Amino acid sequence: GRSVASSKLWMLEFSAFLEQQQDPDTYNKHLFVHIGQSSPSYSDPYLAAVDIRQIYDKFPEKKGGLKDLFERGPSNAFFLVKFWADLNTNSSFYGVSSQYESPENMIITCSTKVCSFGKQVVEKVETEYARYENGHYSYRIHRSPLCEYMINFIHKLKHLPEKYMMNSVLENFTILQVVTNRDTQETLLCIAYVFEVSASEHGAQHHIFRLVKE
């Protein structure tokens, strides 16, 4: 399906999952959200735009915050992803995986901030190194453990008696992902994530928007 790309970095894959081990040879994986999983990943200009001012309140502000990051640019690195998450699932491993491609050989930092009412609750920071691949360079975060806060959050979501209550909680839950060139501090990708519960028979869904000034 549709993925996210700036001029310098393309995120081909993104997934959050729960993996259950029945026996040493049998593994069951449930995907909560996914990009570039069901069908080959792609990027094109056909996606819609969202006024960034409409979402500033849902993410950390001040120095280093979404507004500060957006103003510094480049503007083509900023995206909003709306996830419809598949929560229908019941040894366990909660994980997150992502993959990136760049024409450039960089050392990159991936910062993921979980936010409640626009306030940072927890941050995970990962440093990723390049591997040569067909003239370009690939970066991979493989099976990174989901933080306990997110595990706790998912548990509490599932224990809500009504699904509409889950949506009410998700109203004020966001994630901001900032992928940076470690040396230059250039914003390679900045992705704002918003969530709803999926009711689709196809499971989890997503829609990607460009973040713009209006």
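One rule holds for the numbers: they count along the sequence shown, beginning at 1.
Unmodelled residues of the deposited sequence between neighbouring positions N134 and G135 number none; the chain is continuous. Higher mean CA temperature factor, per the PDB entry, when comparing 62 to 70 with 38 to 46: 38 to 46. Averaged over their C-alpha atoms, the temperature factors of 17 to 25 and 189 to 197 are higher for 17 to 25. Of the candidates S91, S97, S111, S102, the one whose C-alpha carries the top B factor in the deposited record is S91. The PDB entry assigns its highest CA temperature factor, among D57, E148, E162, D183, to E162. Ranked by C-alpha B-factor against the other modelled residues of its chain, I141 falls in the middle third. In this PDB entry, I107 carries a Cα temperature factor that places it within the lowest third of its chain's modelled residues.
Sorting the modelled residues of the chain by their CA temperature factor places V121 in the middle third.
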